[PDB]
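Here is the structure we will look at.
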Amino acid sequence: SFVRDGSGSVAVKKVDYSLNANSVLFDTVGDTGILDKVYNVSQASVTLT
Amino acid sequence: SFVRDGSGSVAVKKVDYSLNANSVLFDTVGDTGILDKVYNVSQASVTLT
Amino acid sequence: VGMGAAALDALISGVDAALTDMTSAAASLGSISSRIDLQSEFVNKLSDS
């Protein structure tokens, strides 16, 4: 959207989308994307970034 | 207008329009005027986490 | 070309500032023209008198 601020200002608002590590679908270079990477499999653990 | 002053004198009146650096529309010599001036309300901003 | 989506906001702000200055200049020109019309009418009336 195009938003004009109250104090005589104009700016353009944008909607952001993240492609960090779960929505990249075969990262080109690092080969660390959602596919083409290894997933840890254990009963009582959690993967933190 | 043409005005004859009461104290035995005459003069001519004029309407003045100022061509400053705000309504110059492409100054022909120094390129200083409407061009090259910013007077911007704000600066580019980014919201971070 | 190849702006980088960072200085585009500053460019938009500068363009808006120039547009506002030109709008003010146009309003001043219209006011001057109205003043000339009123002055012409008054001068004609005074000459008639």
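Residue numbering restarts at 1 in every chain; chains get A, B, ... in the order shown in the structure tokens, and ligands count up from 1 in that same order.
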Proximity check chain B to chain C, 8 Å, nearest pairs one decimal Å, only C-alpha atoms, as a Markdown table:
| residue | atom | partner | partner_atom | distance |
| --- | --- | --- | --- | --- |
| B:1 | CA | C:43 | CA | 7.0 |
| B:22 | CA | C:21 | CA | 6.4 |
| B:23 | CA | C:25 | CA | 5.8 |
| B:34 | CA | C:18 | CA | 6.5 |
| B:37 | CA | C:14 | CA | 7.9 |
| B:38 | CA | C:14 | CA | 5.2 |
| B:39 | CA | C:17 | CA | 6.8 |
| B:40 | CA | C:14 | CA | 5.6 |
| B:41 | CA | C:13 | CA | 6.9 |
| B:42 | CA | C:13 | CA | 7.6 |
| B:43 | CA | C:10 | CA | 6.2 |
| B:44 | CA | C:9 | CA | 5.8 |
Least-squares align chain A to chain B using all Cα atoms paired by position, then dump the moved coordinates as a tab-separated table (two decimals) with N, CA, C and O atoms, in the first residue's frame.
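Writing the result to out.tsv gives the following:
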chain	number	residue	atom	x	y	z
A	1	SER	N	0.71	47.95	-10.36
A	1	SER	CA	-0.13	49.14	-10.36
A	1	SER	C	0.72	50.35	-10.00
A	1	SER	O	1.76	50.24	-9.36
A	2	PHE	N	0.24	51.51	-10.42
A	2	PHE	CA	0.86	52.79	-10.10
A	2	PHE	C	0.05	53.44	-8.98
A	2	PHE	O	-1.13	53.75	-9.17
A	3	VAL	N	0.69	53.64	-7.83
A	3	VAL	CA	0.01	54.11	-6.63
A	3	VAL	C	0.60	55.45	-6.22
A	3	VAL	O	1.81	55.59	-6.06
A	4	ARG	N	-0.27	56.44	-6.06
A	4	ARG	CA	0.11	57.75	-5.53
A	4	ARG	C	-0.33	57.83	-4.07
A	4	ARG	O	-1.53	57.76	-3.78
A	5	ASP	N	0.64	57.97	-3.17
A	5	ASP	CA	0.33	58.00	-1.75
A	5	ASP	C	-0.36	59.30	-1.38
A	5	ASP	O	-0.34	60.29	-2.12
A	6	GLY	N	-0.99	59.29	-0.20
A	6	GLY	CA	-1.73	60.46	0.25
A	6	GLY	C	-0.84	61.67	0.50
A	6	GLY	O	-1.25	62.81	0.26
A	7	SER	N	0.37	61.44	1.00
A	7	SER	CA	1.28	62.53	1.35
A	7	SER	C	2.17	62.93	0.18
A	7	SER	O	3.39	63.02	0.31
A	8	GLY	N	1.55	63.18	-0.98
A	8	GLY	CA	2.29	63.65	-2.14
A	8	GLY	C	3.41	62.74	-2.59
A	8	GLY	O	4.50	63.22	-2.93
A	9	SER	N	3.17	61.43	-2.61
A	9	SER	CA	4.18	60.46	-2.97
A	9	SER	C	3.68	59.57	-4.10
A	9	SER	O	2.48	59.31	-4.22
A	10	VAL	N	4.62	59.12	-4.94
A	10	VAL	CA	4.32	58.24	-6.06
A	10	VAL	C	5.26	57.05	-6.01
A	10	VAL	O	6.44	57.19	-5.69
A	11	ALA	N	4.73	55.87	-6.32
A	11	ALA	CA	5.52	54.65	-6.32
A	11	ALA	C	4.87	53.65	-7.26
A	11	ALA	O	3.71	53.81	-7.66
A	12	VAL	N	5.63	52.62	-7.62
A	12	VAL	CA	5.17	51.57	-8.51
A	12	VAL	C	5.13	50.26	-7.73
A	12	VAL	O	6.14	49.85	-7.15
A	13	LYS	N	3.97	49.62	-7.71
A	13	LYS	CA	3.80	48.35	-7.01
A	13	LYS	C	4.02	47.19	-7.97
A	13	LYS	O	3.63	47.24	-9.14
A	14	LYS	N	4.65	46.14	-7.47
A	14	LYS	CA	4.99	44.97	-8.27
A	14	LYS	C	4.54	43.71	-7.56
A	14	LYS	O	4.48	43.65	-6.33
A	15	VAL	N	4.23	42.69	-8.35
A	15	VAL	CA	3.82	41.38	-7.85
A	15	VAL	C	5.03	40.45	-7.93
A	15	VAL	O	5.60	40.25	-9.00
A	16	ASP	N	5.41	39.88	-6.79
A	16	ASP	CA	6.62	39.09	-6.68
A	16	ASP	C	6.34	37.61	-6.89
A	16	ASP	O	5.28	37.10	-6.52
A	17	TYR	N	7.31	36.92	-7.49
A	17	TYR	CA	7.26	35.48	-7.68
A	17	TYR	C	8.60	34.89	-7.27
A	17	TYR	O	9.65	35.41	-7.67
A	18	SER	N	8.56	33.82	-6.48
A	18	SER	CA	9.76	33.24	-5.91
A	18	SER	C	10.19	32.01	-6.69
A	18	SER	O	9.36	31.20	-7.10
A	19	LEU	N	11.50	31.88	-6.89
A	19	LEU	CA	12.10	30.76	-7.60
A	19	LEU	C	13.16	30.08	-6.74
A	19	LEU	O	14.19	29.63	-7.23
A	20	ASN	N	12.91	30.01	-5.43
A	20	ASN	CA	13.93	29.61	-4.48
A	20	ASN	C	14.44	28.18	-4.70
A	20	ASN	O	15.60	27.99	-5.09
A	21	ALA	N	13.60	27.18	-4.45
A	21	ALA	CA	14.03	25.80	-4.61
A	21	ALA	C	12.95	24.87	-5.14
A	21	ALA	O	13.20	23.66	-5.24
A	22	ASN	N	11.76	25.37	-5.47
A	22	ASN	CA	10.66	24.52	-5.88
A	22	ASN	C	10.02	24.93	-7.20
A	22	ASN	O	9.09	24.25	-7.65
A	23	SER	N	10.47	26.01	-7.82
A	23	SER	CA	9.90	26.46	-9.09
A	23	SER	C	10.98	26.96	-10.04
A	23	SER	O	10.73	27.88	-10.83
A	24	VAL	N	12.17	26.36	-10.00
A	24	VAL	CA	13.29	26.85	-10.78
A	24	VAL	C	13.56	26.01	-12.03
A	24	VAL	O	14.05	26.56	-13.02
A	25	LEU	N	13.24	24.71	-12.02
A	25	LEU	CA	13.32	23.90	-13.23
A	25	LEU	C	14.72	23.87	-13.84
A	25	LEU	O	14.97	24.58	-14.83
A	26	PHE	N	15.63	23.10	-13.25
A	26	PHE	CA	17.02	23.00	-13.70
A	26	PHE	C	17.82	24.27	-13.46
A	26	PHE	O	18.20	24.96	-14.42
A	27	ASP	N	18.04	24.62	-12.19
A	27	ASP	CA	19.01	25.63	-11.80
A	27	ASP	C	20.28	25.52	-12.63
A	27	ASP	O	20.82	24.42	-12.81
A	28	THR	N	20.75	26.66	-13.13
A	28	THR	CA	21.82	26.66	-14.12
A	28	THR	C	23.15	26.21	-13.52
A	28	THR	O	23.84	25.35	-14.08
A	29	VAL	N	23.53	26.78	-12.37
A	29	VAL	CA	24.88	26.63	-11.83
A	29	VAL	C	24.91	25.64	-10.67
A	29	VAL	O	25.65	24.65	-10.70
A	30	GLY	N	24.11	25.89	-9.63
A	30	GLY	CA	24.21	25.10	-8.41
A	30	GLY	C	23.76	23.66	-8.55
A	30	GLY	O	24.15	22.83	-7.73
A	31	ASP	N	22.95	23.36	-9.56
A	31	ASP	CA	22.40	22.02	-9.76
A	31	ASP	C	21.68	21.53	-8.51
A	31	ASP	O	21.81	20.37	-8.10
A	32	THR	N	20.92	22.43	-7.90
A	32	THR	CA	20.16	22.14	-6.69
A	32	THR	C	18.69	22.51	-6.87
A	32	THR	O	17.98	22.78	-5.90
A	33	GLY	N	18.22	22.51	-8.12
A	33	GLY	CA	16.86	22.89	-8.41
A	33	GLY	C	15.86	21.79	-8.12
A	33	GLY	O	16.19	20.74	-7.58
A	34	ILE	N	14.61	22.05	-8.50
A	34	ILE	CA	13.55	21.08	-8.27
A	34	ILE	C	13.85	19.78	-9.00
A	34	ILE	O	13.57	18.69	-8.49
A	35	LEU	N	14.42	19.87	-10.19
A	35	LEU	CA	14.98	18.72	-10.88
A	35	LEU	C	16.50	18.75	-10.77
A	35	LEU	O	17.10	19.74	-10.35
A	36	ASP	N	17.12	17.64	-11.16
A	36	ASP	CA	18.57	17.47	-11.08
A	36	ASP	C	19.05	17.66	-9.64
A	36	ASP	O	20.05	18.33	-9.38
A	37	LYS	N	18.30	17.11	-8.69
A	37	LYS	CA	18.74	17.05	-7.30
A	37	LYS	C	18.08	15.85	-6.63
A	37	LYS	O	17.06	15.34	-7.09
A	38	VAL	N	18.69	15.40	-5.54
A	38	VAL	CA	18.26	14.20	-4.85
A	38	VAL	C	17.22	14.57	-3.79
A	38	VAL	O	17.33	15.60	-3.12
A	39	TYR	N	16.20	13.72	-3.66
A	39	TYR	CA	15.14	13.89	-2.68
A	39	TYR	C	15.26	12.82	-1.60
A	39	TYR	O	15.35	11.63	-1.92
A	40	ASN	N	15.24	13.24	-0.34
A	40	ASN	CA	15.23	12.29	0.76
A	40	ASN	C	13.89	11.57	0.81
A	40	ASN	O	12.83	12.18	0.65
A	41	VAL	N	13.94	10.26	1.02
A	41	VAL	CA	12.75	9.41	1.04
A	41	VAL	C	12.76	8.64	2.35
A	41	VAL	O	13.50	7.65	2.50
A	42	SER	N	11.95	9.07	3.31
A	42	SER	CA	11.80	8.37	4.57
A	42	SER	C	10.38	8.57	5.08
A	42	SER	O	9.70	9.54	4.72
A	43	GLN	N	9.93	7.63	5.92
A	43	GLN	CA	8.52	7.57	6.27
A	43	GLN	C	8.10	8.69	7.21
A	43	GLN	O	7.02	9.26	7.06
A	44	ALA	N	8.94	9.02	8.19
A	44	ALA	CA	8.55	9.91	9.28
A	44	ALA	C	9.53	11.07	9.42
A	44	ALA	O	9.99	11.40	10.51
A	45	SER	N	9.84	11.72	8.30
A	45	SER	CA	10.71	12.89	8.31
A	45	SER	C	10.11	13.99	7.43
A	45	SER	O	9.22	13.75	6.61
A	46	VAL	N	10.62	15.20	7.62
A	46	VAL	CA	10.19	16.38	6.88
A	46	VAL	C	11.41	17.23	6.58
A	46	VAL	O	12.31	17.38	7.42
A	47	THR	N	11.46	17.79	5.37
A	47	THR	CA	12.59	18.59	4.92
A	47	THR	C	12.34	20.06	5.25
A	47	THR	O	11.39	20.67	4.72
A	48	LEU	N	13.17	20.63	6.11
A	48	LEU	CA	13.09	22.03	6.49
A	48	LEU	C	14.26	22.81	5.91
A	48	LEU	O	15.38	22.30	5.84
A	49	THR	N	13.99	24.04	5.50
A	49	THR	CA	15.03	24.97	5.08
A	49	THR	C	15.32	25.93	6.24
A	49	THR	O	14.40	26.58	6.76
TODO: Please run DSSP on the backbone and report, as a ChimeraX atom specification, all residues within chain A that come out as strand (DSSP E).
DONE: /A:2-5,9-12
Writer output for current selection, N, CA, C and O atoms, as a PDB file, in the first residue's frame:
ATOM      1  N   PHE A   2       0.305   2.338  -0.485  1.00  0.00           N
ATOM      2  CA  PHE A   2       0.955   3.642  -0.478  1.00  0.00           C
ATOM      3  C   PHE A   2       0.379   4.456   0.672  1.00  0.00           C
ATOM      4  O   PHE A   2      -0.820   4.756   0.685  1.00  0.00           O
ATOM      5  N   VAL A   3       1.229   4.816   1.629  1.00  0.00           N
ATOM      6  CA  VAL A   3       0.805   5.460   2.865  1.00  0.00           C
ATOM      7  C   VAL A   3       1.433   6.842   2.944  1.00  0.00           C
ATOM      8  O   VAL A   3       2.657   6.981   2.835  1.00  0.00           O
ATOM      9  N   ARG A   4       0.597   7.857   3.134  1.00  0.00           N
ATOM     10  CA  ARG A   4       1.054   9.217   3.378  1.00  0.00           C
ATOM     11  C   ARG A   4       0.919   9.514   4.866  1.00  0.00           C
ATOM     12  O   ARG A   4      -0.192   9.506   5.405  1.00  0.00           O
ATOM     13  N   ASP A   5       2.045   9.774   5.523  1.00  0.00           N
ATOM     14  CA  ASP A   5       2.032  10.013   6.957  1.00  0.00           C
ATOM     15  C   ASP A   5       1.404  11.368   7.272  1.00  0.00           C
ATOM     16  O   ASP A   5       1.257  12.236   6.408  1.00  0.00           O
ATOM     17  N   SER A   9       4.582  13.247   5.064  1.00  0.00           N
ATOM     18  CA  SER A   9       5.520  12.217   4.648  1.00  0.00           C
ATOM     19  C   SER A   9       4.816  11.185   3.780  1.00  0.00           C
ATOM     20  O   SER A   9       3.622  10.923   3.946  1.00  0.00           O
ATOM     21  N   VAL A  10       5.570  10.605   2.849  1.00  0.00           N
ATOM     22  CA  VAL A  10       5.065   9.575   1.950  1.00  0.00           C
ATOM     23  C   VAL A  10       6.017   8.389   1.981  1.00  0.00           C
ATOM     24  O   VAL A  10       7.241   8.561   2.037  1.00  0.00           O
ATOM     25  N   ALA A  11       5.454   7.186   1.955  1.00  0.00           N
ATOM     26  CA  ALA A  11       6.247   5.967   1.974  1.00  0.00           C
ATOM     27  C   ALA A  11       5.436   4.851   1.337  1.00  0.00           C
ATOM     28  O   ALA A  11       4.221   4.962   1.164  1.00  0.00           O
ATOM     29  N   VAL A  12       6.129   3.770   0.990  1.00  0.00           N
ATOM     30  CA  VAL A  12       5.517   2.601   0.372  1.00  0.00           C
ATOM     31  C   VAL A  12       5.658   1.426   1.327  1.00  0.00           C
ATOM     32  O   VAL A  12       6.772   1.086   1.742  1.00  0.00           O
TER      33      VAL A  12
END
